[PDB]
């Protein structure tokens, strides 16, 4: 018990243990408030038209760890009372929020929120989108059902409230419950590999690919992954451009060289210029009967597939079936937020319901022995489907000392999110902190900075992928990788998770180098490691 617990409300009514029933004009919910280890759990079921359903109300803390819904968005500590709404880029509206009306008035946090000594968190997002808002000094938890009606009962997304001095332990515990609730996939083996993006970007040639393929026999890579560059257009994934061969021919060549073939797609996205859009314009999410722009990128309007339509799911099954048959066993599936944009779909289901039919179709198509890696993705809804997940914005071959914490490529902000989302590793999935850039030339990263990034990711036990012209990686670059791989295998903890000054103390236990600690400063770019 406590004064602060007595101040809480659940579904409109002062907090206490028990079973309850709430009959309102347009919906009904039945819920239980049960005791669990380190606090409380609210669970139940709902029917009718719940709209934006208020679950919990409590006093807003002064400092809160907030979390954006998707890969690239910040997880960071923020002063709650001195919040001002950001201006929202109309090209990137839905990477900031799936409920942008909230963000333009109030501080928002998706899926969970933390303070010193306390965590509030939902265990799932299967039907509704669970978020928090700070409204006039109160913290308020909602489930958004996006105007769907339910004739029969469906389960609530469960909420837990946990209390203990050790906040790191609360987050690790929250994540364990999330893991159990969603049948998380956590492979016993972690892949190493190579990725084209962070050297060649959109200008990768097959000539350059063949060159790197040969050099990679001298590096400890299992996987060889082609990124954005090969494809004809966004949506036309089985047609290549430039000097590239067929998609089947690439897979066959990578395999012969002794590597697991990997390939990038953005599978819920189709451009205004693509073949598949012009063939099948009715396959996309709509506004007033017209195609609704999901985002703008590659200097084109990009639309979202309507994953409520059988035609669309059949098309996805056939695509990823074909890729599997060719020999691809590693799939980076990107810009997935597109699949969950609000709007008009064929069937009257939520965007989250549609997202989940989408990603389940992909897993079905590629099978169980394929490794899926999420990117640009809603986090909670993906748990149990993906094997790995990018948990930060894009890294870069420069620190970004003078770049703002929005979502623009920068090493500093990419590593920040790997630290503040550490607790998802080995519970939701394998965390992907984005690629190591270890080349000596064609870069602005200092040796110090390269050491900071790589050793931190090794301590955290995160996926280790390099992205370089392997010609430009010599003695220092090879040594940094070898040592980073030595740092894997432990159980990590960020001890000062609520810090506001970009300095962190991080421990890991049972690494291949025993027990270690690293102290890192992301502002000054300094580190201190003990083995």
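Residue numbers count along the first chain shown, from 1.
Visitor: Out of 388-396 and 453-461, which one has CA B-factors that are higher on average in the deposited record?
Guide: Mean B over CA atoms: larger for 453-461.
Visitor: Would you tell me which stretch averages the higher CA B-factor in the PDB entry, 419-427 or 84-92?
Guide: Per the PDB entry, the higher value belongs to 84-92.
Visitor: Looking at 34, 466, 469, 54, which has the biggest Cα B factor in the entry?
Guide: Of 34, 466, 469, 54, 34 has the highest C-alpha B-factor.
Visitor: When the CA B-factors of 235, 351, 381, 289 are compared as recorded in the entry, which is the largest?
Guide: Across 235, 351, 381, 289, the entry lists the biggest C-alpha B-factor for 289.
Visitor: Quick check on the deposited entry: does the C-alpha B-factor of residue 103 sit in the lowest, middle or highest third of its chain?
Guide: Within its chain, residue 103 is a highest-third residue by C-alpha B-factor, going by the deposited values.
Visitor: Place residue 266 in the lowest, middle or highest third of its chain's C-alpha B-factors, as listed in the PDB entry.
Guide: Tercile = lowest for this residue's CA B-factor.
Visitor: Ranked by Cα temperature factor within the chain, is residue 255 in the lowest third, the middle third or the highest third?
Guide: CA B-factor rank for residue 255: middle third.
Visitor: Can you work out whether the C-alpha temperature factor of residue 43 puts it in the lowest, middle or highest third of the chain?
Guide: Tercile = middle for this residue's CA B-factor.
Visitor: Grab the CA temperature factor for residue 314 from the record and place it in the lowest, middle or highest third of its chain.
Guide: For residue 314, whose C-alpha B-factor we compare with every modelled residue in the chain, the answer is the middle third.
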